[PDB]
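As structure tokens, the structure follows; a few thoughts come after it.
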Number of protein chains: 2
Amino acid sequence: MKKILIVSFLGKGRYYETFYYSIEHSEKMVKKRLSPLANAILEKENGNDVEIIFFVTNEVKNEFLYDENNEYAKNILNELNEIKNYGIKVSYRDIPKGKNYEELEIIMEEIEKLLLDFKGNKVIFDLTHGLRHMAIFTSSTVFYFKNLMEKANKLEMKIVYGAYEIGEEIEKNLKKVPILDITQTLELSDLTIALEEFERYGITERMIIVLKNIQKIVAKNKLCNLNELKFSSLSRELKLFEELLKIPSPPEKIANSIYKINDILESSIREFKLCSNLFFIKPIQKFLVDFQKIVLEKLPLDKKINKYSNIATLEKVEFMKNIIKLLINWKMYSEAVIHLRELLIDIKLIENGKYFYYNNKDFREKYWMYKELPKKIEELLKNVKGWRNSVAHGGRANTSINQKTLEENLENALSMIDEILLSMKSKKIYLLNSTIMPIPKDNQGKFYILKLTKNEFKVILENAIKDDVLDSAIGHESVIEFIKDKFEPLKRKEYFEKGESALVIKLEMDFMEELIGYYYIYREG
Amino acid sequence: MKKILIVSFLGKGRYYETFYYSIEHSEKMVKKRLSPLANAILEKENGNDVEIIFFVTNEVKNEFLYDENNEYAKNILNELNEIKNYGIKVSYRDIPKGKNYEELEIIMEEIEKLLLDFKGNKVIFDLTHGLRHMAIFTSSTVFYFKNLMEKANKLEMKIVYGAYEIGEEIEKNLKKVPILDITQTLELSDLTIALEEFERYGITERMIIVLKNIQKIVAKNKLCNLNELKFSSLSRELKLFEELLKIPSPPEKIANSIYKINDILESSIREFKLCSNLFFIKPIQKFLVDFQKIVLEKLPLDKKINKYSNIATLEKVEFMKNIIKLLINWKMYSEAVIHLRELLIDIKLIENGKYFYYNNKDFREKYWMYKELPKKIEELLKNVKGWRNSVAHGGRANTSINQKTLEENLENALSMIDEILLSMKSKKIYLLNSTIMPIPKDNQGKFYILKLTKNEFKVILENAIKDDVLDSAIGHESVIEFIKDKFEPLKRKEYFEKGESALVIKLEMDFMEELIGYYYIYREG
């Protein structure tokens, strides 16, 4: 059971008898004079607690209602008196006619105080009766009232009215009138609110709430199924994406989240296309189209990054370039600086070929500190290090910076990184088949090893193939069988000099599928 | 000159002749039949380009308008024909009656396409004529239309209508009717939009725009003056505050910005109180009250911090504690971690008495690295350093963290810092009167010096006074005269051992006012 308040006005009129039905359920028709009474009856038949409050004016009640020789007035009076028999609560509230902005302010205060004093679950504005003036003003003010009382009462709010001008006419002056429900117009502007919030700041609160509401209302009528709706999944993924961005995280999870967002977005849009109605379909289709526009605009896609999670590549460099640009756009400056540092680390790993230890931090530091392109990269390094510590150290000791000069410095970094990225367009690498450290017998050694995936394996393998720098050392045959069966020189010779890099694999083939590239190995000593 | 589009419906009716006036200017009255025509005339008398578009239905125009034996219909037809003589552009647009949600969607599309095809400056929805149905639906949908076309047309939008039900009656069926302007209801919910944005994220865009609009509309009627309105100043200060928070900055500027915000807020509220109207005063008074509530809630005040900008104190520690709590609340996690590091630096400076060099960074680092309370502070240090580098280094090398464990760690730091702050409740300090380095003649020396303000001078001076640790060395008399005349032992003896700390001042007294405490001096060698 829910507790419910119906708010209507009450103006001079003929108040003909009407067959009100909810346009959702044309089955239940209630023949009454007041639309609020019909709505109250439809709600008490749902086992709820319902109360109606009318706003009357002195000009109306001591000139129309209690005029005993106005047939329409006594008709509506008799109905207002028999309202109490159905189990519904009726009361009256004096207001002015609203002839100026001061009186309209008074009316706003009256409605606002009523909503504050309501202690139930739902409130319905029934705009059927009263002045056209009052109906228009209330319709305009309802959204303000909801936004006001989001943090006040936690109250559900509906806007309905009997659209008697579009009602069927069954007998003389007798009309079949639908109680239209325009409450969907309230959360029509919340859509654009979410759009601005995400487009300018990347905030998902409005987006998550709106998506949950959208999935509810598309689940109203069950013609549309799941396995491709997954708006719950899309809202959860947006939550994860915000947690990943405002808390800095590796490029792999960010690229995966962007790929997931794109996949779920297009899948859910295609699914939603086939649902033919009972509410406003077009605005939310426009909403999804606009959100897909912004997603494909501001979120950089690279569908095939997740396959290189253990190393540092140039694709990750450009991806983080676009990510930092996005972070700057959303005014997320600190996170942008933090990501820039690691992007520079990755670039110098690429430029120095030390990219095996993108999962080791001691190496990251040791080359955080210790032929022109080296000189240009040093140019960029010195530029960036010239201003990073103002952001990093919080500006203490008289060394802070405004947004203008920070924007200056960030676009400096952007320009130089795009420069050197466009400008960046192979020792002996043996080929092994097991995890080993065979050092020459006269050596006194330090060795690094890293787990890999199959794609990286293939890439560096053909790099060794067609740079003449491959010293292949496969000793048996079925290895080559799987090599050409999967990946598209059997020099069976036993040595590892400090510095040489090599590749490894350890164990028809379907069973196997049920490891194929890993354990890249290099002697730093 | 502006280009203007008036949009109205056109329904069956008697269309009596009416004296329309703008309620702002009751001087100009226009006697016509259609409120849109009166509005168009009032706008062309302003030297603008005006066009009216009516939405008619087949049921209305081929059953009412061109019925040549309906007197009201031919009256309104003659007026619609003479509209072209005033220099105004009239056109018709077919729509359904809107008997269901599909047809209402159609109507929304029609209005939306009209607003997209408009290439002028202003659009006015005149809700005087047409169905009550259509007026209600349009009034509800206008805010959605504005939010939609914020990024589409950059179009000013007004909602007006002739409130003929509240019009004076001057002669038989002849009414003096005001064209009411409820456009202020559109930007009534934008107020709460700004409130949520600031209260949950600290975004000032909506706040700045709303404050600028507020100052415009309070400048409509000039009863309220400046020197205490300064809503322009408040918007600028909010912009500065956001730039100070999302780009980490010293506590001094943050405390100054909070003090400025509070001062301008209360000053502007008191000033706004005296303006008696022409628009809705109450909602924006509620807006200012709510924003002051949130300001005094989430922004910690300390009116008397700016006086200690050169040193590190405990007040700054608690202030930054509250600031980091606020940063956590606004989901600004990276900036919160960065501020926490410097707060810990300040705490250990307090605990080790090395607080002279809050404006020197080498010292900050050298004690960033190198009796129980020391042990508890080391507890907190080790805790915080155990997880800072996950945030600092971007989570590379498989060392990231979710929001849940980061919240865990941040509240760990919060609890321990409040602990040790509650738990924290003096060598020989000579007194000098000039900048000097007199080392004993047998010494081989390094000396630090810092400019100060007068309040810090007074504080440490009485600390030396009543800890018995003052070796005062004032050699002459007028120094003591100014000492007791301003601040409320003349041991004229010449030495500075490495480690002793001392105070200095250099040059009736009003002229002077037109330096009083500075150059605190200490030998680290």
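Residue names in the structure tokens use chain letters A, B, ... in the order shown, residue numbers from 1 in each chain, and ligand numbers from 1 in the order shown.
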
Exercise. Leaving out segment 119-122 of chain B and any residue of its chain fewer than 4 positions from it, which residues lie within 10 Å of it when counting only C-alpha atoms, given as a PyMOL selection string?
Worked result: chain B and resi 1-6+48-51+114-115+153-158

Based on the selection just made, write C-alpha atoms of those residues as an mmCIF file, in the first residue's frame.
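What ended up in again.cif:
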data_model
loop_
_atom_site.group_PDB
_atom_site.id
_atom_site.type_symbol
_atom_site.label_atom_id
_atom_site.label_comp_id
_atom_site.auth_asym_id
_atom_site.auth_seq_id
_atom_site.Cartn_x
_atom_site.Cartn_y
_atom_site.Cartn_z
ATOM 1 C CA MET B 1 17.396 44.920 -34.619
ATOM 2 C CA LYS B 2 16.556 41.326 -33.687
ATOM 3 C CA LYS B 3 14.763 38.608 -35.640
ATOM 4 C CA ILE B 4 11.865 37.067 -33.751
ATOM 5 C CA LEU B 5 9.499 34.113 -34.178
ATOM 6 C CA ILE B 6 6.153 33.856 -32.391
ATOM 7 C CA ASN B 48 12.692 44.088 -34.630
ATOM 8 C CA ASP B 49 11.884 41.543 -37.324
ATOM 9 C CA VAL B 50 8.881 39.473 -36.232
ATOM 10 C CA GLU B 51 7.096 36.411 -37.652
ATOM 11 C CA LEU B 114 10.559 24.628 -36.470
ATOM 12 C CA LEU B 115 13.098 25.686 -33.844
ATOM 13 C CA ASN B 153 20.740 27.105 -32.415
ATOM 14 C CA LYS B 154 21.773 29.401 -29.516
ATOM 15 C CA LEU B 155 18.224 30.727 -29.456
ATOM 16 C CA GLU B 156 16.535 32.892 -26.835
ATOM 17 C CA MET B 157 13.214 31.387 -25.755
ATOM 18 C CA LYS B 158 10.275 33.092 -24.028
#

Worksheet item: What's the 8 Å shell around residue 391 of chain A, counting only C-alpha atoms, without same-chain residues fewer than 4 positions away, as a ChimeraX atom specification?
Response: /A:334,337,387,395,400-401 /B:247-248

Need to verify the contact set: residue 489 of chain B, 8 Å, only C-alpha atoms, exclusion of same-chain residues closer than 2 positions in sequence. Can you return it as a tab-separated table (two decimals) with C-alpha atoms, in the first residue's frame?
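Everything below was put into out_27.tsv:
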chain	number	residue	atom	x	y	z
B	472	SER	CA	67.25	38.97	25.09
B	473	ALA	CA	69.94	41.18	23.55
B	474	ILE	CA	68.37	44.60	22.94
B	491	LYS	CA	71.06	42.83	28.05

Practice problem: Show which residues sit within 12 Å of residue 478 of chain A, as a ChimeraX atom specification. Count only C-alpha atoms, and ignore same-chain residues fewer than 4 positions away. | Solution: /A:433,474,482-485,490,507-509

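Proximity ranking of B:381, B:238, B:344, B:406 relative to chain A places B:406 first, based on only C-alpha atoms.
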
Report the residues of segment 33-210 of chain A whose backbone DSSP state falls under alpha helix (DSSP H), written as a PyMOL selection string. chain A and resi 35-44+58-60+71-82+101-117+132-149+186-201+205-210

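Comparing the minimum interatomic distances between residue 496 of chain A and each of A:354, A:476, A:441, A:260, counting only C-alpha atoms, we find that A:441 sits nearest.
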
Exercise for the section: Identify, on the basis of only C-alpha atoms, every residue whose closest approach to residue 25 of chain A does not exceed 12 Å; exclude the query and any residue fewer than 6 positions from it along the same chain; express the result as a VMD selection string. Expected result: chain A and resid 42 178 to 180 278

The distance between atom CA of residue 407 of chain B and atom CA of residue 241 of chain A is 17.1 Å

Using only C-alpha atoms, the residue out of A:445, A:517, A:300, A:11 with shortest distance to chain B is A:11

From the list A:108, A:516, A:124, A:502, the nearest residue to residue 144 of chain A using only C-alpha atoms is A:108

Self-check item: DSSP-assigned strand (DSSP E or B) members of segment 105-198 of chain A, reported as a ChimeraX atom specification
Solution: /A:122-126,156-162,168-171,174-181

Closest of B:475, B:394, B:130, B:47 to chain A, counting only C-alpha atoms, is B:394

Residue 64 of chain A surroundings by only C-alpha atoms, 9 Å radius, close-in-sequence under 6 positions cut, as a ChimeraX atom specification:
/A:11-13,70,73

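For the set B:331, B:303, B:239, B:28, the residue with the smallest atom-to-atom gap to chain A is B:331, counting only C-alpha atoms.
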